[PDB]
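> What follows is entry.pdb; its format and atoms are PDB, N, CA, C and O atoms.
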ATOM      1  N   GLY A   1       3.010  10.682 -16.682
ATOM      2  CA  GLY A   1       4.221  11.297 -16.064
ATOM      3  C   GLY A   1       4.075  11.417 -14.559
ATOM      4  O   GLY A   1       4.695  10.668 -13.802
ATOM      5  N   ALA A   2       3.248  12.361 -14.122
ATOM      6  CA  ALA A   2       3.020  12.574 -12.700
ATOM      7  C   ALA A   2       2.303  11.369 -12.095
ATOM      8  O   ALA A   2       2.456  11.077 -10.909
ATOM      9  N   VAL A   3       1.524  10.668 -12.913
ATOM     10  CA  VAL A   3       0.798   9.489 -12.444
ATOM     11  C   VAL A   3       1.790   8.387 -12.077
ATOM     12  O   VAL A   3       1.725   7.812 -10.985
ATOM     13  N   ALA A   4       2.721   8.103 -12.985
ATOM     14  CA  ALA A   4       3.723   7.074 -12.734
ATOM     15  C   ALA A   4       4.563   7.471 -11.521
ATOM     16  O   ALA A   4       4.891   6.637 -10.678
ATOM     17  N   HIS A   5       4.905   8.753 -11.447
ATOM     18  CA  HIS A   5       5.705   9.291 -10.346
ATOM     19  C   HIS A   5       4.977   9.036  -9.015
ATOM     20  O   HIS A   5       5.558   8.500  -8.072
ATOM     21  N   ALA A   6       3.703   9.415  -8.956
ATOM     22  CA  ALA A   6       2.892   9.225  -7.754
ATOM     23  C   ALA A   6       2.830   7.753  -7.339
ATOM     24  O   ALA A   6       2.977   7.424  -6.158
ATOM     25  N   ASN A   7       2.602   6.862  -8.302
ATOM     26  CA  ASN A   7       2.538   5.439  -7.984
ATOM     27  C   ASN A   7       3.853   4.951  -7.370
ATOM     28  O   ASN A   7       3.848   4.124  -6.461
ATOM     29  N   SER A   8       4.976   5.469  -7.861
ATOM     30  CA  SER A   8       6.281   5.071  -7.340
ATOM     31  C   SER A   8       6.470   5.542  -5.903
ATOM     32  O   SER A   8       7.096   4.857  -5.093
ATOM     33  N   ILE A   9       5.935   6.720  -5.589
ATOM     34  CA  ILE A   9       6.047   7.248  -4.234
ATOM     35  C   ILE A   9       5.296   6.329  -3.272
ATOM     36  O   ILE A   9       5.770   6.055  -2.171
ATOM     37  N   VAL A  10       4.126   5.849  -3.684
ATOM     38  CA  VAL A  10       3.357   4.944  -2.834
ATOM     39  C   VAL A  10       4.201   3.695  -2.574
ATOM     40  O   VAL A  10       4.310   3.231  -1.440
ATOM     41  N   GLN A  11       4.811   3.164  -3.632
ATOM     42  CA  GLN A  11       5.657   1.980  -3.520
ATOM     43  C   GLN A  11       6.790   2.236  -2.534
ATOM     44  O   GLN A  11       7.096   1.391  -1.688
ATOM     45  N   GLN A  12       7.410   3.408  -2.644
ATOM     46  CA  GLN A  12       8.512   3.765  -1.758
ATOM     47  C   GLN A  12       8.045   3.825  -0.302
ATOM     48  O   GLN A  12       8.710   3.295   0.590
ATOM     49  N   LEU A  13       6.904   4.467  -0.065
ATOM     50  CA  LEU A  13       6.366   4.577   1.289
ATOM     51  C   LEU A  13       6.135   3.198   1.899
ATOM     52  O   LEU A  13       6.581   2.918   3.011
ATOM     53  N   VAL A  14       5.430   2.345   1.166
ATOM     54  CA  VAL A  14       5.133   0.997   1.630
ATOM     55  C   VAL A  14       6.428   0.238   1.903
ATOM     56  O   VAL A  14       6.603  -0.348   2.971
ATOM     57  N   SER A  15       7.341   0.268   0.939
ATOM     58  CA  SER A  15       8.616  -0.425   1.075
ATOM     59  C   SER A  15       9.390   0.014   2.315
ATOM     60  O   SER A  15      10.020  -0.803   2.984
ATOM     61  N   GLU A  16       9.337   1.303   2.631
ATOM     62  CA  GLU A  16      10.064   1.801   3.789
ATOM     63  C   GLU A  16       9.326   1.653   5.122
ATOM     64  O   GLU A  16       9.784   2.144   6.154
ATOM     65  N   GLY A  17       8.193   0.958   5.099
ATOM     66  CA  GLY A  17       7.442   0.727   6.321
ATOM     67  C   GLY A  17       6.580   1.868   6.828
ATOM     68  O   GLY A  17       6.228   1.901   8.008
ATOM     69  N   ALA A  18       6.231   2.808   5.956
ATOM     70  CA  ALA A  18       5.392   3.928   6.374
ATOM     71  C   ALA A  18       3.942   3.475   6.489
ATOM     72  O   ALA A  18       3.514   2.552   5.796
ATOM     73  N   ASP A  19       3.191   4.110   7.383
ATOM     74  CA  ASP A  19       1.774   3.799   7.555
ATOM     75  C   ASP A  19       1.045   4.745   6.596
ATOM     76  O   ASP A  19       0.785   5.903   6.931
ATOM     77  N   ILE A  20       0.722   4.259   5.401
ATOM     78  CA  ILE A  20       0.084   5.125   4.418
ATOM     79  C   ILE A  20      -1.274   5.700   4.797
ATOM     80  O   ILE A  20      -1.720   6.671   4.181
ATOM     81  N   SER A  21      -1.940   5.126   5.797
ATOM     82  CA  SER A  21      -3.221   5.690   6.220
ATOM     83  C   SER A  21      -2.855   7.010   6.906
ATOM     84  O   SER A  21      -3.550   8.016   6.765
ATOM     85  N   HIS A  22      -1.740   7.000   7.631
ATOM     86  CA  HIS A  22      -1.260   8.205   8.304
ATOM     87  C   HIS A  22      -0.738   9.195   7.259
ATOM     88  O   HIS A  22      -0.940  10.402   7.371
ATOM     89  N   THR A  23      -0.076   8.680   6.229
ATOM     90  CA  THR A  23       0.454   9.555   5.189
ATOM     91  C   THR A  23      -0.695  10.283   4.495
ATOM     92  O   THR A  23      -0.570  11.458   4.158
ATOM     93  N   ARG A  24      -1.815   9.593   4.285
ATOM     94  CA  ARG A  24      -2.966  10.230   3.646
ATOM     95  C   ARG A  24      -3.439  11.418   4.481
ATOM     96  O   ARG A  24      -3.758  12.476   3.939
ATOM     97  N   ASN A  25      -3.500  11.238   5.798
ATOM     98  CA  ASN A  25      -3.936  12.318   6.689
ATOM     99  C   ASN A  25      -3.013  13.513   6.613
ATOM    100  O   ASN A  25      -3.466  14.658   6.541
ATOM    101  N   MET A  26      -1.711  13.254   6.659
ATOM    102  CA  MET A  26      -0.739  14.339   6.609
ATOM    103  C   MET A  26      -0.759  15.058   5.272
ATOM    104  O   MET A  26      -0.670  16.285   5.228
ATOM    105  N   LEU A  27      -0.868  14.299   4.182
ATOM    106  CA  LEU A  27      -0.895  14.906   2.856
ATOM    107  C   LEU A  27      -2.128  15.794   2.742
ATOM    108  O   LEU A  27      -2.070  16.871   2.152
ATOM    109  N   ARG A  28      -3.243  15.340   3.313
ATOM    110  CA  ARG A  28      -4.479  16.118   3.283
ATOM    111  C   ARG A  28      -4.253  17.437   4.030
ATOM    112  O   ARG A  28      -4.650  18.503   3.554
ATOM    113  N   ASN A  29      -3.617  17.361   5.197
ATOM    114  CA  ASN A  29      -3.309  18.561   5.987
ATOM    115  C   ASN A  29      -2.413  19.508   5.194
ATOM    116  O   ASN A  29      -2.674  20.713   5.120
ATOM    117  N   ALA A  30      -1.353  18.959   4.608
ATOM    118  CA  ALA A  30      -0.414  19.770   3.838
ATOM    119  C   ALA A  30      -1.101  20.492   2.691
ATOM    120  O   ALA A  30      -0.890  21.690   2.486
ATOM    121  N   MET A  31      -1.925  19.760   1.943
ATOM    122  CA  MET A  31      -2.625  20.353   0.814
ATOM    123  C   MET A  31      -3.666  21.392   1.216
ATOM    124  O   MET A  31      -4.098  22.185   0.383
ATOM    125  N   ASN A  32      -4.064  21.385   2.486
ATOM    126  CA  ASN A  32      -5.020  22.374   2.981
ATOM    127  C   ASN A  32      -4.270  23.545   3.614
ATOM    128  O   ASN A  32      -4.874  24.537   4.024
ATOM    129  N   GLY A  33      -2.948  23.420   3.690
ATOM    130  CA  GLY A  33      -2.158  24.469   4.293
ATOM    131  C   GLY A  33      -2.211  24.410   5.809
ATOM    132  O   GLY A  33      -1.925  25.406   6.480
ATOM    133  N   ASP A  34      -2.600  23.258   6.353
ATOM    134  CA  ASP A  34      -2.647  23.085   7.802
ATOM    135  C   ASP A  34      -1.241  22.735   8.268
ATOM    136  O   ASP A  34      -0.419  22.262   7.480
ATOM    137  N   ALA A  35      -0.956  22.970   9.544
ATOM    138  CA  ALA A  35       0.353  22.621  10.082
ATOM    139  C   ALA A  35       0.435  21.106   9.931
ATOM    140  O   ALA A  35      -0.584  20.419  10.040
ATOM    141  N   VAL A  36       1.632  20.593   9.671
ATOM    142  CA  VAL A  36       1.826  19.159   9.494
ATOM    143  C   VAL A  36       2.960  18.613  10.354
ATOM    144  O   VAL A  36       3.787  19.364  10.869
ATOM    145  N   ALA A  37       2.982  17.295  10.506
ATOM    146  CA  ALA A  37       4.023  16.629  11.275
ATOM    147  C   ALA A  37       4.283  15.242  10.688
ATOM    148  O   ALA A  37       3.929  14.213  11.275
ATOM    149  N   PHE A  38       4.893  15.225   9.506
ATOM    150  CA  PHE A  38       5.231  13.973   8.839
ATOM    151  C   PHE A  38       6.218  13.214   9.708
ATOM    152  O   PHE A  38       7.051  13.821  10.384
ATOM    153  N   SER A  39       6.128  11.890   9.696
ATOM    154  CA  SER A  39       7.056  11.080  10.475
ATOM    155  C   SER A  39       8.443  11.249   9.853
ATOM    156  O   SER A  39       8.580  11.820   8.764
ATOM    157  N   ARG A  40       9.473  10.755  10.531
ATOM    158  CA  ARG A  40      10.819  10.871   9.991
ATOM    159  C   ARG A  40      10.907  10.183   8.629
ATOM    160  O   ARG A  40      11.491  10.723   7.692
ATOM    161  N   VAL A  41      10.321   8.998   8.521
ATOM    162  CA  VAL A  41      10.339   8.260   7.263
ATOM    163  C   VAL A  41       9.608   9.030   6.157
ATOM    164  O   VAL A  41      10.135   9.190   5.053
ATOM    165  N   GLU A  42       8.401   9.509   6.456
ATOM    166  CA  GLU A  42       7.618  10.255   5.474
ATOM    167  C   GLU A  42       8.333  11.527   5.035
ATOM    168  O   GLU A  42       8.414  11.829   3.844
ATOM    169  N   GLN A  43       8.847  12.276   6.005
ATOM    170  CA  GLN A  43       9.532  13.520   5.701
ATOM    171  C   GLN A  43      10.719  13.271   4.781
ATOM    172  O   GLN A  43      10.895  13.974   3.793
ATOM    173  N   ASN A  44      11.524  12.267   5.110
ATOM    174  CA  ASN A  44      12.694  11.931   4.301
ATOM    175  C   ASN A  44      12.276  11.605   2.865
ATOM    176  O   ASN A  44      12.908  12.049   1.901
ATOM    177  N   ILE A  45      11.195  10.844   2.728
ATOM    178  CA  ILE A  45      10.695  10.468   1.411
ATOM    179  C   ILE A  45      10.128  11.662   0.643
ATOM    180  O   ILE A  45      10.509  11.909  -0.500
ATOM    181  N   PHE A  46       9.224  12.409   1.268
ATOM    182  CA  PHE A  46       8.626  13.567   0.609
ATOM    183  C   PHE A  46       9.640  14.625   0.167
ATOM    184  O   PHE A  46       9.438  15.289  -0.852
ATOM    185  N   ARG A  47      10.728  14.787   0.913
ATOM    186  CA  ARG A  47      11.729  15.772   0.515
ATOM    187  C   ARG A  47      12.376  15.409  -0.820
ATOM    188  O   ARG A  47      12.816  16.286  -1.559
ATOM    189  N   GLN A  48      12.417  14.116  -1.133
ATOM    190  CA  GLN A  48      12.993  13.646  -2.394
ATOM    191  C   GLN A  48      12.090  13.964  -3.590
ATOM    192  O   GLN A  48      12.566  14.131  -4.717
ATOM    193  N   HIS A  49      10.789  14.047  -3.332
ATOM    194  CA  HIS A  49       9.790  14.282  -4.374
ATOM    195  C   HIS A  49       9.202  15.689  -4.430
ATOM    196  O   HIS A  49       8.641  16.091  -5.445
ATOM    197  N   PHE A  50       9.325  16.428  -3.334
ATOM    198  CA  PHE A  50       8.830  17.800  -3.254
ATOM    199  C   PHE A  50      10.024  18.593  -2.712
ATOM    200  O   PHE A  50      10.075  18.937  -1.534
ATOM    201  N   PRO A  51      11.010  18.874  -3.582
ATOM    202  CA  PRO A  51      12.247  19.605  -3.281
ATOM    203  C   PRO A  51      12.122  20.995  -2.663
ATOM    204  O   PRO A  51      13.063  21.474  -2.033
ATOM    205  N   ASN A  52      10.972  21.638  -2.839
ATOM    206  CA  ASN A  52      10.754  22.972  -2.282
ATOM    207  C   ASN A  52       9.834  22.911  -1.062
ATOM    208  O   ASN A  52       9.440  23.939  -0.513
ATOM    209  N   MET A  53       9.514  21.694  -0.635
ATOM    210  CA  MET A  53       8.623  21.479   0.503
ATOM    211  C   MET A  53       9.074  22.046   1.855
ATOM    212  O   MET A  53       8.250  22.536   2.630
ATOM    213  N   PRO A  54      10.381  21.985   2.164
ATOM    214  CA  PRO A  54      10.820  22.522   3.459
ATOM    215  C   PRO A  54      10.306  23.936   3.726
ATOM    216  O   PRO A  54       9.825  24.245   4.815
ATOM    217  N   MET A  55      10.402  24.790   2.718
ATOM    218  CA  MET A  55       9.950  26.167   2.856
ATOM    219  C   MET A  55       8.489  26.387   2.483
ATOM    220  O   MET A  55       7.768  27.080   3.189
ATOM    221  N   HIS A  56       8.057  25.780   1.380
ATOM    222  CA  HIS A  56       6.703  25.984   0.879
ATOM    223  C   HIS A  56       5.618  24.958   1.185
ATOM    224  O   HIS A  56       4.433  25.241   0.988
ATOM    225  N   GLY A  57       6.005  23.778   1.651
ATOM    226  CA  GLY A  57       5.014  22.753   1.932
ATOM    227  C   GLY A  57       4.597  22.094   0.630
ATOM    228  O   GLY A  57       5.383  22.057  -0.317
ATOM    229  N   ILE A  58       3.364  21.593   0.573
ATOM    230  CA  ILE A  58       2.851  20.927  -0.624
ATOM    231  C   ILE A  58       1.551  21.582  -1.114
ATOM    232  O   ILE A  58       0.554  21.621  -0.401
ATOM    233  N   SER A  59       1.573  22.080  -2.345
ATOM    234  CA  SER A  59       0.422  22.766  -2.928
ATOM    235  C   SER A  59      -0.779  21.892  -3.274
ATOM    236  O   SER A  59      -0.631  20.806  -3.826
ATOM    237  N   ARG A  60      -1.976  22.383  -2.966
ATOM    238  CA  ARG A  60      -3.179  21.631  -3.285
ATOM    239  C   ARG A  60      -3.359  21.605  -4.802
ATOM    240  O   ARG A  60      -4.120  20.797  -5.326
ATOM    241  N   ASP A  61      -2.654  22.490  -5.505
ATOM    242  CA  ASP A  61      -2.741  22.539  -6.961
ATOM    243  C   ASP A  61      -1.612  21.757  -7.637
ATOM    244  O   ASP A  61      -1.579  21.641  -8.860
ATOM    245  N   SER A  62      -0.683  21.228  -6.847
ATOM    246  CA  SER A  62       0.425  20.459  -7.411
ATOM    247  C   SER A  62      -0.093  19.229  -8.148
ATOM    248  O   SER A  62      -0.843  18.429  -7.585
ATOM    249  N   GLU A  63       0.318  19.071  -9.401
ATOM    250  CA  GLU A  63      -0.121  17.931 -10.200
ATOM    251  C   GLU A  63       0.337  16.623  -9.559
ATOM    252  O   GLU A  63      -0.399  15.636  -9.544
ATOM    253  N   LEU A  64       1.555  16.618  -9.028
ATOM    254  CA  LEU A  64       2.088  15.420  -8.391
ATOM    255  C   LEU A  64       1.324  15.107  -7.105
ATOM    256  O   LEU A  64       0.966  13.957  -6.857
ATOM    257  N   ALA A  65       1.079  16.132  -6.294
ATOM    258  CA  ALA A  65       0.348  15.960  -5.035
ATOM    259  C   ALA A  65      -1.052  15.404  -5.299
ATOM    260  O   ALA A  65      -1.517  14.497  -4.603
ATOM    261  N   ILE A  66      -1.725  15.961  -6.303
ATOM    262  CA  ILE A  66      -3.065  15.512  -6.662
ATOM    263  C   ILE A  66      -3.055  14.033  -7.038
ATOM    264  O   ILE A  66      -3.895  13.268  -6.573
ATOM    265  N   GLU A  67      -2.100  13.628  -7.872
ATOM    266  CA  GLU A  67      -2.001  12.227  -8.278
ATOM    267  C   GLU A  67      -1.617  11.352  -7.088
ATOM    268  O   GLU A  67      -2.088  10.222  -6.953
ATOM    269  N   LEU A  68      -0.756  11.878  -6.224
ATOM    270  CA  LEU A  68      -0.332  11.133  -5.041
ATOM    271  C   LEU A  68      -1.524  10.907  -4.117
ATOM    272  O   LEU A  68      -1.674   9.838  -3.538
ATOM    273  N   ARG A  69      -2.365  11.925  -3.977
ATOM    274  CA  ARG A  69      -3.553  11.816  -3.133
ATOM    275  C   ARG A  69      -4.434  10.671  -3.626
ATOM    276  O   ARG A  69      -4.931   9.872  -2.832
ATOM    277  N   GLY A  70      -4.620  10.597  -4.944
ATOM    278  CA  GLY A  70      -5.434   9.541  -5.520
ATOM    279  C   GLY A  70      -4.794   8.169  -5.387
ATOM    280  O   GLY A  70      -5.467   7.194  -5.056
ATOM    281  N   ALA A  71      -3.492   8.093  -5.647
ATOM    282  CA  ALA A  71      -2.762   6.835  -5.551
ATOM    283  C   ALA A  71      -2.786   6.296  -4.121
ATOM    284  O   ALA A  71      -2.910   5.087  -3.912
ATOM    285  N   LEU A  72      -2.656   7.182  -3.137
ATOM    286  CA  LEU A  72      -2.676   6.747  -1.741
ATOM    287  C   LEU A  72      -4.053   6.227  -1.344
ATOM    288  O   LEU A  72      -4.168   5.216  -0.651
ATOM    289  N   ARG A  73      -5.094   6.924  -1.787
ATOM    290  CA  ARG A  73      -6.460   6.524  -1.470
ATOM    291  C   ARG A  73      -6.742   5.129  -2.012
ATOM    292  O   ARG A  73      -7.273   4.272  -1.300
ATOM    293  N   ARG A  74      -6.392   4.901  -3.275
ATOM    294  CA  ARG A  74      -6.616   3.593  -3.878
ATOM    295  C   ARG A  74      -5.760   2.523  -3.205
ATOM    296  O   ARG A  74      -6.216   1.399  -3.004
ATOM    297  N   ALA A  75      -4.527   2.872  -2.841
ATOM    298  CA  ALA A  75      -3.637   1.914  -2.189
ATOM    299  C   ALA A  75      -4.210   1.417  -0.861
ATOM    300  O   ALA A  75      -4.207   0.217  -0.582
ATOM    301  N   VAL A  76      -4.693   2.346  -0.042
ATOM    302  CA  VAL A  76      -5.267   1.999   1.254
ATOM    303  C   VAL A  76      -6.479   1.096   1.074
ATOM    304  O   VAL A  76      -6.654   0.125   1.808
ATOM    305  N   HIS A  77      -7.308   1.416   0.085
ATOM    306  CA  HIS A  77      -8.505   0.634  -0.185
ATOM    307  C   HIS A  77      -8.212  -0.667  -0.935
ATOM    308  O   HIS A  77      -8.719  -1.724  -0.557
ATOM    309  N   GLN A  78      -7.399  -0.601  -1.987
ATOM    310  CA  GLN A  78      -7.061  -1.805  -2.747
ATOM    311  C   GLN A  78      -6.624  -2.891  -1.769
ATOM    312  O   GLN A  78      -7.301  -3.942  -1.711
TER     313      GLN A  78
END
Please re-express this file's structure in structure tokens.


Amino acid sequence: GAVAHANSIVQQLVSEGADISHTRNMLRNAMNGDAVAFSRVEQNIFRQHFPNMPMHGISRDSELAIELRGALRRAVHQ
């Protein structure tokens, strides 16, 4: 479920021309509760998948975020 969802987000990021190495850094910051600055493309995309993100950000315990973190890491390396 969340795994398939995460893989699709990676596809969306790549398709929209996002620099996923940069996305990995921002996602890491978000999950640590650090201030973040997603690009316009990333922000637009993440808002579609993390509907409560504007106010709450992205939880390090979020099942989707965790899977996304793994999917992004493998994508950059693959």

> Please return the centre and edge lengths, in Å to one decimal, of a box with edges along x, y and z that contains all listed atoms of region 20-24 of chain A, widened by 3 Å on every side, as AutoDock Vina command-line options.


--center_x -1.5 --center_y 8.4 --center_z 6.0 --size_x 10.5 --size_y 14.2 --size_z 10.7

> Rounded to one decimal in Å, what is the spacing between CA of residue 41 (chain A) and CA of residue 18 (chain A)?

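Separation between CA of residue 41 (chain A) and CA of residue 18 (chain A): 6.6 Å.
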
> Out of A:58, A:3, A:36, A:76, which residue has the shortest atom-to-atom distance to residue 20 (chain A) when counting only C-alpha atoms?

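For residue 20 (chain A), the nearest of the given residues is A:76.
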
> Would you list the contacts of residue 33 (chain A) as number ranges by chain, taking every protein, DNA or RNA residue within 10 Å and counting only C-alpha atoms, but skipping same-chain residues closer than 3 positions in sequence?

A: 27-30, 36, 56-60

> List every protein, DNA or RNA residue that has an atom no more than 12 Å from (2.5, 5.1, -9.0) in the file's coordinate frame, counting only C-alpha atoms, and report them as number ranges by chain.

A: 1-14, 64-65, 67-75

> For residue 26 (chain A), which residue out of A:45, A:50, A:66, A:39 is the nearest one, using all atoms listed in the file?

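Using all atoms listed in the file, the shortest distance to residue 26 (chain A) belongs to A:39.
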
> Please extract the residues of chain A with a backbone DSSP assignment of helix (DSSP H, G or I) and present them as an NGL selection string.

:A and (2-15 or 20-32 or 40-49 or 53-56 or 63-77)

> Do you have the atom C of residue 16 (chain A)-CA of residue 42 (chain A) distance handy?

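These atoms are spaced 8.8 Å apart.
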
> How far is it from atom N of residue 32 (chain A) to atom N of residue 78 (chain A), in Å with one decimal?

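Result for atom N of residue 32 (chain A) versus atom N of residue 78 (chain A): 22.7 Å, one decimal.
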
> Could you check the closest approach to residue 19 (chain A) for each of A:31, A:61, A:52, A:40 and tell me which residue wins, using only C-alpha atoms?

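Distance minimum relative to residue 19 (chain A) lands on A:40.
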